[PDB]
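Only one chain comes next, encoded as structure tokens, the form deposited without this ligand.
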């Protein structure tokens, strides 16, 4: 790699062919639609939860990804380490507007399930979600005693699903919901970053914070 690589104005101005949207544009698209169920992935969608995953990796598996299969890690992660997770502004704006519409708010996560969890409380508190609009976090996956994310979206009739990962968008696509992408922050520890827009889906501008 050159010490002085330089640049040019074609590169400076270059845009990826992404369907960017704003929160205001999403709300406009819903004007006059009755209350409905909507859903949010948690990690890197509404919470920057890398601090707990970082601590977990360092504590339980410094030299691998084994911590993510370790029940001792998940018990810590789901019962208080989200006190260190930083709520995303894009999520504050989306949740506020869905609450204003009278929509039902679901959170659906791929985190491993635990005996108890305080994540639902962390979310309702941080985002000021009235109990009437709030629903306990859904721990979705392919383990016995679980339903997949796509199945939960169908079951709860979720019409819009927000998320940062490819599998969030394809879950929405599989059930005919509108999948809307949020950008994963570049300081997330979950790498590589996804290619937001990879399915031709809407991607929310400036949604990394």
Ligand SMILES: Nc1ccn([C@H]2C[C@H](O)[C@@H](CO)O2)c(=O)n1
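Positions refer to the first chain, counted from 1. Only residues modelled in both forms are compared. Throughout, rigid core stands for the largest set of C-alpha atoms superposing within 1.5 Å between the two forms.
There is another form of the same protein, the form deposited with this ligand bound; it is not shown, and what comes next is about it.
inquiry  = Can you tell me whether the pocket in this form is open or blocked when this ligand is overlaid from where it sits in the bound PDB entry, based on ligand atoms within 2.4 Å of backbone or C-beta (3 or more = blocked)?
reply    = Transferred pose: open.
key: Region of this chain that lies against this ligand in the bound PDB entry, out of 174 to 182, 62 to 70, 22 to 30, 150 to 158 [heavy atom, 4.5 Å]   = Flagged stretch: 62 to 70.
message = So, a 4.5 angstroms cut-off on heavy atom distances: do all three of 56, 81 and 117 pass it with respect to this ligand in the bound PDB entry?
response = Zero of three within 4.5 Å in the bound PDB entry.
message = Please tell me whether any heavy atom belonging to residue 189 falls inside 4.5 Å of a heavy atom of this ligand, as the geometry stands in the bound PDB entry.
response = Close contact exists here: in the bound PDB entry, residue 189 approaches this ligand to within 4.5 Å, heavy atoms only.
inquiry  = Taking any heavy atom pair closer than or equal to 4.5 Å as contact, tell me whether residue 113 reaches this ligand in the bound PDB entry.
reply    = No, no contact at 4.5 Å.
key: Exercise: residue 106 in contact with this ligand in the bound PDB entry, heavy atom 4.5 Å   = No, residue 106 stays farther than 4.5 Å from this ligand in the bound PDB entry.
query = Looking at this ligand in the bound PDB entry, which residues in 28 to 65 have at least one heavy atom within 4.5 Å of it?
reply = Read in sequence order, the residues that approach this ligand (within 4.5 Å, in the bound PDB entry) are 43, 49, 53.
ask   = Residues present in both forms, rigid core superposed: which consecutive runs of three or more show CA displacements of 2 Å or more between the shown form and the other one?
value = Run with every C-alpha shifted by at least 2 Å: 141 to 148, nothing else.
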